[PDB]
Amino acid sequence: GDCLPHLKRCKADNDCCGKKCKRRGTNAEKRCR
């Protein structure tokens with residue numbers, strides 16, 4: 001169990017520590033933003 005930072009690549013929407021991972025469309029897995 002560990003969320004990603006608010007600026008590192010994320011493999012899932014709920015993978016960052018902000019629960020807001022950016023992507024190329026509507027939530028997917030680009031980078032924590």
# chains A, B, ... in the order shown; residues from 1 in each chain; ligands from 1
call {"tool": "residues_around", "arguments": {"residues": "range 16-19 of chain A", "least_positions_apart": "6", "cutoff": "6 Å", "atoms": "only C-alpha atoms", "output": "ChimeraX atom specification"}}
result
/A:3-5,32
call {"tool": "residues_around", "arguments": {"residues": "range 9-12 of chain A", "least_positions_apart": "4", "cutoff": "6 Å", "atoms": "only C-alpha atoms", "output": "NGL selection string"}}
result
:A and (28-32)
call {"tool": "select_by_dssp", "arguments": {"residues": "chain A", "states": "strand (DSSP E or B)", "output": "PyMOL selection string"}}
result
chain A and resi 4+9+16+21+31-32
